[PDB]
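Take a look at the letters that make up each chain.
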Number of protein chains: 2
Amino acid sequence: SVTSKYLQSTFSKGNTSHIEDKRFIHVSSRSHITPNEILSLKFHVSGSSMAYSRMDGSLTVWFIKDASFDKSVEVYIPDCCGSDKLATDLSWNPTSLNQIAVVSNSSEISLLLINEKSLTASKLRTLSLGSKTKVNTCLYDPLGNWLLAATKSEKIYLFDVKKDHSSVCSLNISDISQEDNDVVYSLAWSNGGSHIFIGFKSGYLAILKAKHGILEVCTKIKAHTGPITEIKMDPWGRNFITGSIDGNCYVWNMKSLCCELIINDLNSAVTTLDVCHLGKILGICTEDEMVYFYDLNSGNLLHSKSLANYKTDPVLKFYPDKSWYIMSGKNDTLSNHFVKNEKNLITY
Amino acid sequence: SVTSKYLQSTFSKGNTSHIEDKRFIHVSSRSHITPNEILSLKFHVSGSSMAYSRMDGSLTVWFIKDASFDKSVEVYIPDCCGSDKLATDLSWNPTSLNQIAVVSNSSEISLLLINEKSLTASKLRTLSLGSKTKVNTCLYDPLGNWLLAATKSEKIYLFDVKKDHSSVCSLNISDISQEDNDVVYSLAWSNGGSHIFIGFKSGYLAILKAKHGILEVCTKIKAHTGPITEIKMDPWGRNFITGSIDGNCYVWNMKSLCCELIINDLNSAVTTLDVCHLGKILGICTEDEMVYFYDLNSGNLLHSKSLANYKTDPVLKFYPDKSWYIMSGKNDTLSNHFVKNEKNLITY
């Protein structure tokens, strides 16, 4: 019951700060409009940086140095990756401390090294592929050993990041799916780059081996009856969580690959999910503008809330180095959460 | 008394919209700094465009299509006319619908055609003169037949805009003034390019003939006892208004060139003035941060206000096609004014 009180305190009068971004001051001036979006938001591994990209085209990055974003510098940058094209996915390159990979639904993958002394985001390199190929998702092996780039259909590329991003291998999606017109919806890496977990739209789930740089199909299981939205992994490495659009959220055992626990209070589709860095609490953002916080070990609801028709598409992410979580606010504005006197659950 | 009620309604709770520019959102974000300036602001003749230039170097232009700037596009552009040099005066070229002349206190006059489909302001041409010559004011004959460029001393140039801006003539200021170290403070054209009205600093006022492209001194009258700040003309063409820094505002009869009406409630210097497109109401912005609205026909005060130490240097301009007026706000931010149900005074 300690975790329930902790979450309640994290939802209190204080212990909360508004992330002061461009959209925040925009709403402050125009309220005291059509909300663009938040395409994606992804931390650095060491828990001391953050990056995200709205629909306008501008990607913001913060260098966390304070709790309530007091002394946190902010490198705002205009619509990068072209003037017409906007960013859709980014990976933070766990190898170094500054590099970033960004994709813009085009045939060009941009590698930019963000600098913190100035506000200059200088394009370091651009990678290109076949002219028709339209990739939109990039990922980094959590050890910084492989890079993955995926299309909505009929292309999957793996580069070796060590040897100057030499194109290592590729694969046609129709060889992985073997169904009628499947479109990969979400990808994820295993803890320590050894396997790639892919969730198609037709419902299937595939596990590809990427040991020595040669992709191969290990297995395919008919997990869900609708498109798979998100795929997350437990940090301790014992189970991986699958959330779908048919209203189900399962947790699969890693050693044996069989369903072990099911979330049953759900009655709506899932838009995203996330699990804390301690592998203890599981946050589900359903489609009825509502968030839930479940317990991983037992599987019973321990906290609920209600978005109340503010920023229809929400986002949730748990810090990789503290028990804090960034959650969307009212009008596409981010809202930090903490307790200001508890860095981790154990200290509580 | 209809005009007094009209002006009062134009100063009401509603019937007012903030012009949303870069500085506006800047103040909204930093308030919810040192104000740069507004160097100049000048409409298009047809009343469907606006342009102005701050001190930062960036010149904004709006394509009026709405009352409260809802659907009005905005072509923001960075520091044009060089990176070091900033704009000081611009003319809108009544001939065409897009050209603009801009001067930057240098020996180069830039002609740029602003495009509305994109946000691109493309430099069309640059005009150059003697290396030492430092012009800072440009003007267009209200029929689009002549162009005038003036220096702070010892140069006045007139180009023929019809024949590809061929240099038509020039004149040394010392030939016009014939006094001790005079510096031209404000120029203005007569209704239909036939004469140029020049106001020096020593107090004199000169009328030059520019009929067939050859400047000549017609007359010089000792109008004021201090530097002349602004010179405006009545749209009906019967009297021209002169405002000085010694605290006087006179209206001179056009046919006979003799003082006819004097503003006497004034007790401070004048920074600018303007008269509506109907030649009925006269707006004076004095130096004590206060505006007055007088009646042209009678000469008695009909409305007063108070800037109250917000944006020390104010600006006022009356629409050339409606009875609305753009006036500065609190921190170098523009503030439109209207009634939303009265396009012209007559309709009232």
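Criteria and cut-off values
Residues numbered from 1 in each chain as written, not as in the entry; some residues may be left out. Chains lettered and ligands numbered in written order. Part of a larger assembly, values for the part shown. Heavy atoms only, no water. Residues with missing side-chain atoms left out of burial classes, pairs and counts. Pairing = 2+ DSSP bridges. Helix = DSSP H or I, 4+ residues; strand = E, 2+ residues; numbered from the N terminus. Axes fitted to C-alpha atoms, helices over the stretch in contact; angles between N-to-C directions. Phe/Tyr/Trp six-rings, centres within 6.5 Å; stacked < 30°, edge-to-face > 60°. Contact = heavy atoms within 4.5 Å. Polar contact = N/O pair within 3.5 Å; in protein donor to acceptor, adjacent residues only side chain to side chain.

The record names cryo-EM as the way this model was obtained, at a resolution of 4.5 Å.

### Some remarks on the sheet that holds strand 16 (residues 216–221) of chain B
Residue and element names in this part refer to chain B. Strand order across the open sheet formed by 4 strands is 13-14-15-16, with antiparallel pairing between neighbours. Only two strands of the sheet have a single partner each, and these edge strands are strand 13 (186–189) and strand 16. On average, each strand axis in the sheet is tilted by 20° relative to the strand beside it, whichever way the strands run. By the bridge criterion, 5 bridges tie strand 14 (residues 195–199) to strand 15 (residues 205–209) in an arrangement that is antiparallel. The partner of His195 across the bridge, within strand 15, is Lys209.

### Comments concerning the packing of aromatic side chains
Taken together, a centroid distance of 5.9 Å and an interplanar angle of 75° make the contact between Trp324 of chain B and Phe338 of chain B edge-to-face. Of this pair, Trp324 of chain B sits in the loop between strand 25 (316–318) and strand 26 (325–328) while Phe338 of chain B sits in the segment after strand 27 (334–335), and the two are 14 residues apart along the sequence. Among the aromatic residues, ring-to-ring pairing joins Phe11, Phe293, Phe318 and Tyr325 of chain A into one connected group.

### Overview of the environment of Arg238 of chain B
Residues and elements named next belong to chain B. Note that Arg238 resides in the loop between strand 17 (228–233) and strand 18 (239–244). Separated by 17 residues in sequence, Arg238 and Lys255 place their C-alpha atoms 7.2 Å apart. Ignoring any residue separated from it by four or fewer positions in sequence, one finds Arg238 in contact with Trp252, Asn253, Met254, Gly279 and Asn297. A distance of 2.7 Å separates a polar atom in the side chain of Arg238 from a polar atom in the side chain of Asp234.

### Focus on the sheet that holds strand 2 (residues 50–54) of chain A
Taken in spatial order, the 4 strands of this open sheet run 1-2-3-4 (chain A), and their pairing is antiparallel. Only two strands of the sheet have a single neighbouring strand rather than two, namely strand 1 (38–43) and strand 4 (73–74) of chain A.

### Remarks on the pairing of strand 22 (residues 281–286) of chain A
Residues and elements named next belong to chain A. One ladder, built from 5 bridges, connects strand 21 (residues 270–275) with strand 22; its direction is antiparallel. Bridge pairing in strand 22 places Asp274 opposite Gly283. The antiparallel pairing of strand 21 with strand 22 creates a hairpin that spans 5 residues between the two strands, and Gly279 there sits at a positive phi of about 60°. Linking strand 22 to strand 23 (residues 291–295), which pair antiparallel, is a turn of 4 residues; within it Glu289 sits at a positive phi near 55°.

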